[PDB]
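Down below is the structure, laid out as C-alpha cells.
In what follows, every heavy atom counts, from backbone to side chain, and hydrogens, waters and symmetry copies are set aside. Note that ligands are numbered from 1 as they come in the structure, with each ligand's atoms numbered from 1 the same way. Along the sequence shown, residues carry numbers from 1.
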Amino acid sequence: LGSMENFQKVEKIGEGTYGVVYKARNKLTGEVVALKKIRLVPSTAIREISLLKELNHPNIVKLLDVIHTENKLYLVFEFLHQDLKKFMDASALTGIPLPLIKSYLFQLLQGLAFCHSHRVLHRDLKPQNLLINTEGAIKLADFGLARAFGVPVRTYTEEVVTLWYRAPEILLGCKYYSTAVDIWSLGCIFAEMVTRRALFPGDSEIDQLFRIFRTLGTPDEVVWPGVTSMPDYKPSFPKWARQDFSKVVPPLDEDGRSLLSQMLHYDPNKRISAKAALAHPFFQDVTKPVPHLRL
Ligand SMILES: CN1CCC(n2c(=O)c(C#N)cc3cnc(NC4CCN(S(C)(=O)=O)CC4)nc32)CC1
C-alpha cells in the first residue's frame, strides 16, 4: 500500500486491453510522467519487464520505474505530448513532408535495430504507439510482452486499427515469430504516412489476411517457402495476383518504394532487417526536420 501516493493523476490518456495509462505528476519531484496501471505478476513477466527497463535508447520511450502495490502493477514512463496518429490527422490535407517521413522512418529503424540486436520484439507497432516531440524525435512506446497478463479492462472500446499492422506470419499462426514482425508493421506505417490512408485496414483476422493477399498476391511456396505448412494456412485461400507498388503508394519515389517492398516481403527471412534498412539508398539524404506541433 501507499507506494503510489507520490503520483497525482492529471488525465487519462489511454486504455488498453490489459492496462490504463494516465498522465501523472510526481508530487515530490514535480516530474510529469505517463503511468500505466495493470490490474492483477507472473515472474516471467517480472523479468521481461526488468529487461525492458535496461533497453534504453533515444528512440524508445524510457521506462522510469515499476511499482507493485495492492492488486495493481504500475509502470512509470517518460511522457510525450503527441503520437503519430494525431500528427498524421493534423497533417492530412497537406501530408507529412517527405523529409520528415524519412527522418521518422530512419529514427524508428534505429530504435528497432537497437532492440532487435538485443532480441527484443515490439510486437504491436502502430501509429498511436509512436510518440513525437517538438525536437523532431519519434519514439517507440508500449512494447508488447511475449505473454500478456492481468485483468482485461472491461470498459475497453474496440479500436479499428488493431489488426492493420500485423505481419502475415502472425496471422497464419506462427508461434515463434521473429524481429521481422516489427519491420512489417513499420512498413505498413511508412506506407500510411506517405499515402494518408492505412495500407491494409482489415477488421477481422481473415479480412486482414485477404487484404494483404489482394495487394501483394496470395503467397505460395515460390515466394514464401514453408507458408503452406503454417498452422492457419488453408489451401482454399483465394489465389489473387500481385499488384504493382506503383499503384500502392503513389507518388513515393523509387528509393522509397524499393525500401517499402523489402519491408513487406512475405518470407520473414527475406524481409529486410532494421540494420540493413538503415543502409538503404532512400536514406542517403536523410535529415532531421522539426515538425509544427499543436499541443
Ligand atoms: C494510445 N495509447 C495511449 C497510451 C500511450 N502511452 C503509452 O502507452 C505509454 C507506455 N507504456 C507511454 C506513454 C507516454 N506518453 C504518452 N503521451 C500521450 C501520447 C498521445 N497523446 S495525443 C492522443 O497525441 O494527444 C496524448 C499524450 N502516451 C503513452 C500510447 C498508446
Structural part of [X] in contact with ligand 1, heavy atom criterion under 4.0 angstrom:
{"X": "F77", "answer": "side chain"}
{"X": "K86", "answer": "side chain"}
{"X": "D83", "answer": "both"}

**Prompt:** Any nitrogen or oxygen of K36, main chain or side chain, under 3.5 Å from a nitrogen or oxygen of ligand 1?
**Reply:**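 Checking ligand 1 against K36, no N or O pair falls under 3.5 Å apart.
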**Asked** Taking it one step at a time, do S103 and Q107 satisfy side chain to side chain donor-acceptor pair (under 3.5 Å)?
**Response** CA-CA 6 Å; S103 176; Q107 292 181 63; 3.1 Å; yes
Only heavy atoms of [X], strictly under 4.0 Å: list the atoms of ligand 1 that pass.
{"X": "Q82", "value": "24 (O)"}
{"X": "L80", "value": "15 (N), 16 (C), 17 (N), 18 (C), 19 (C), 27 (C)"}
{"X": "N129", "value": "31 (C)"}
{"X": "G14", "value": "3 (C)"}
{"X": "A34", "value": "12 (C), 13 (C), 14 (C), 15 (N)"}
{"X": "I13", "value": "3 (C), 4 (C), 16 (C), 17 (N), 18 (C), 28 (N)"}

**Asked** Of all heavy-atom pairs between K126 and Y165, which one has the smallest distance, and what is that distance?
**Response**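 Heavy atoms only, the tightest pair is CB-CD1, 3.7 Å.
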Atom [atom1] of [X] with >12 non-hydrogen neighbours under 6.0 angstrom:
{"X": "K239", "atom1": "NZ", "answer": "yes"}
{"X": "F210", "atom1": "CZ", "answer": "yes"}
{"X": "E11", "atom1": "CD", "answer": "yes"}

**Asked** Salt bridge between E159 and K85, side-chain N to carboxylate O under 4.0 Å?
**Response**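 Salt bridge: no.
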**Item:** Side-chain ion pair, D182 and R271, N-O less than 4.0 Å
**Value:**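 Salt bridge flag = no for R271 with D182.
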**Item:** Plane angle bin for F190 and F282 - parallel if under 30°, tilted between 30 and 60°, otherwise perpendicular
**Value:**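 Tilted: the ring planes of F282 and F190 meet at 30° to 60°.
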**Message:** Parallel, tilted or perpendicular, judged at 30° and 60°: which one describes the rings of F114 and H57?
**Reply:**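 Plane angle between 30° and 60°, so tilted.
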Identify which of [options] has a heavy atom lying nearest to [atom].
{"atom": "atom 28 (N) of ligand 1", "options": "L75, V76, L131, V61", "value": "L131"}
{"atom": "atom 14 (C) of ligand 1", "options": "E78, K139, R294", "value": "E78"}
{"atom": "atom 26 (C) of ligand 1", "options": "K12, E11, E15, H81", "value": "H81"}

